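Read the single chain below, which is given as structure tokens and is the form described as "inactive state" in its entry title.
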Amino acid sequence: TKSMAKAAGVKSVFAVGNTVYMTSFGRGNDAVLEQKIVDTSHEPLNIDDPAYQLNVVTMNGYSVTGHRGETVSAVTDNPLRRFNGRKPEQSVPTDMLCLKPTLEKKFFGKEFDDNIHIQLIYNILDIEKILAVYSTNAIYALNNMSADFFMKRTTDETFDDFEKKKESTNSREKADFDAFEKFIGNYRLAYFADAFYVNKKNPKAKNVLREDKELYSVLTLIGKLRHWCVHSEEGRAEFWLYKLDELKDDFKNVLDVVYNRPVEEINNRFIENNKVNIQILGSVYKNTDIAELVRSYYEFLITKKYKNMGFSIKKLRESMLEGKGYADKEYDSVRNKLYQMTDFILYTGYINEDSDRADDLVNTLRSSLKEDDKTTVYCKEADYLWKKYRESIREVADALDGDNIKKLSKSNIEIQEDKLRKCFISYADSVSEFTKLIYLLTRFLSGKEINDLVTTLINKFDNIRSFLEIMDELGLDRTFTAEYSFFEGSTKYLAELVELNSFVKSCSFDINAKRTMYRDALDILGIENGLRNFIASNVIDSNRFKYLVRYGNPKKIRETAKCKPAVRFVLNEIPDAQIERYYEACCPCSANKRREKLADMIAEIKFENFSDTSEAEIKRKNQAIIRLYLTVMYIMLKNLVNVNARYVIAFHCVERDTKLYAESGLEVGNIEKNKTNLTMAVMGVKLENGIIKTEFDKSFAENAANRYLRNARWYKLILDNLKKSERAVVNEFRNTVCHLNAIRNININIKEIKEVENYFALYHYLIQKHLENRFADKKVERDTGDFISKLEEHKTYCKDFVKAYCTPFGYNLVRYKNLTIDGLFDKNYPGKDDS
């Protein structure tokens, strides 16, 4: 169940000096101060419209009782007594990595004797983590077409300086320029059309490649983003993301050109596309002015302002209109627009008059301790919503049902348009460089990744804004240092990101390149009259083909489709009803038997199977097989990439905390030579002649750098794993994770697997096979040899090897546990702890 304190209305508890402050939830992700306690002495802020009242206040915590919605009473622990019980004074808590003073001194001027700034700093760190992961994914997608260049690319040089490599007398950069030249002109550049292709007029319009300057600028921006996020830059370059206004003119121009296209393609046709909707709404909103109504419609549909009010308008409308038989065939043709107008009416009803009703609904939602209440309150609200808006819904339905009158209302243009355009999407000349760079980064990833990245950024920026508002209200110092003053405008950035969330979609395949992708689509199934044209047409339009090609070589995907255990596991993840539907679509008998038959059929898909009695039967069968194959391989590849993202997070965190600990005064040494120097430095052990001679002692655990390694058992376990690791193996693992070499070489690394129990096991088997292949002709330590022999003998990933080469993350115990023991890696598959 969820936290009862959060449901009671307690947002957070902040320790400032010897006093403590308790906040409350507000409109959206806002915070309101109402309670200050100084050693069992309570003073109430927010004298009017309170959120909760504290019953008993003690040094050990505070018991509170809420007033919003359900009167749920809970208890909250005192932050000033953290780490100070049964072992004897009040002190401001520190982060578990013992890096709070260093982070405060870095992002701000000095230490602040409170636990508010550190949360903002950790939100910034989360922003950097997610940016690192998705920039690494984008770089891998851009590099996959090769079937070095993207590592040394920096924005300090423009295309004019890069062009001097034509006559360069040194081969080191001549090879780089040759690689750049080979990059352009590649047919695989047809993907990512919005990043490399632009529309051109006939003197009809066709998509053509941009000039070399713009392509180089895009590549440089992406490469520098990856280099800055993944690595720990030193000097001015470490502020590259937060000083994007200092970029050269070429990069700004390419960012503006990339960003302006969707905006100019969305707000230009807004009036014409939704004409009938505004006409009907004006008919039913007789009193409201037309300009204000169209402004509200634009803010509701294009900007999608109905997805951040706290509740779900869609759920309320669904639970309201279900009673009346609008789901019947009678309104089948008009359902699409009628429902949209219903949600619009609901939205304008909750922002003009029923603001208090919306606040009550969101309060009841927040105070619920389970899922049963979250539906009962929705139904209760929907009853009143029906009883109030039945007439308006009926009027809209009858107006839309008049297809004759609908056509009569479509050919007449009387809308005021050149006035009140301030609601339109801001062009590239008004948005910040950070948002444009984020959009350019998103132009290289799949839609789910885009949604995850944008939502995470919006949430973190909202967190930063709320914390800044809290600090301003409390009177605390919040002036960032001169290098991070960008974050002072964070609120504005949040808006842009929210605005960016309105219209950002996946990338579009170029229309003219529909023939160049014929070979890739025809070869992803490994085929090689005119039936192959049908197969290519039915493969290209699949949404999973984009992911399968942008993130994998089609021939390699076809080769890895022969791994029967892997495909069998992916089919096992699919529920029984879906498997039955697939079998009935692909063929004219238990669930497991049908799953095995499907896994056998997909493994040797051939041209004979497609060719081989109605034309409306064999065509659907071939389509079903094609779509099933594409779905299976897409799921496998996507989950493998998502698993690799976690280790990308881990290595970025390792680099960042290495730099932070080195700044904090800990002798960590260089990290490029050995990636596990953080863990030894935190423990305090040294590589005496290449091995850790020191054994376990309780004193070493008692004097660890951070609270993570202050438990004797986990200290001993991680030290033992360290003594069983190898520097070269760790470096190769880091390179494989950062460059996604395991996923790229999936053809070979999956050849001789026996059984797959989860995606974690498959990914680590791939990595272990890659490590064995790279070290097949090199001298390795006895532990690595034992691990490789065990992997070869069992033909399954070795968990001890995972514990061995994941030791660089050992300084963070929770991350190490999550990334080593299977069953704790994925939150969607909660397993059992093996240790």
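Position 1 is the first residue in the sequence shown; the rest follow in order. Each form is matched to the other, and the largest set of C-alpha atoms that superpose within 1.5 Å is called the rigid core.
Another form, the form described as "active state" in its entry title, is not on view; read the next lines as being about it.
With the rigid core aligned between the shown form and the other one, only one of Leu321, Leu241, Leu666, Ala712 has a CA shift of 2 Å or more: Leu321. Comparing the forms between the shown form and the other one on their rigid core, the Cα displacement of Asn689 stays under 2 Å. Comparing the forms between the shown form and the other one on their rigid core, the Cα displacement of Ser355 reaches 2 Å or more. Core-aligned CA deviation for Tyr378 between the shown form and the other one: 2 Å or greater.
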